[PDB]
């Protein structure tokens, strides 16, 4: 509820407007304030993005993973919040 209010956002790779990037960081911050487990954090972010920015989003949250994904233009972000990586993108 406040333990994330000091975490550092580092954008690693984005194809996304600055405003939507900010919203992704804000959403992930909110998720991590509420939830401890990666799957629940990912669920919160995905559902919020489906509401704010239309379906269909997909979210991966974790400390060790690689990915290869396809996304709609201007709808991709990969970033860290503290030591946790978040992949968030729209496809479908």
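Numbering follows the first chain given and starts at 1.
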Mean temperature factor over C-alpha atoms, higher-scoring stretch between 82-90 and 4-12: 4-12
Record-listed C-alpha B factor of residue 46: chain third: lowest
Residue 67 CA temperature factor, ranked by third within the chain: lowest
Chain thirds of CA B-factor: placement of residue 57: lowest
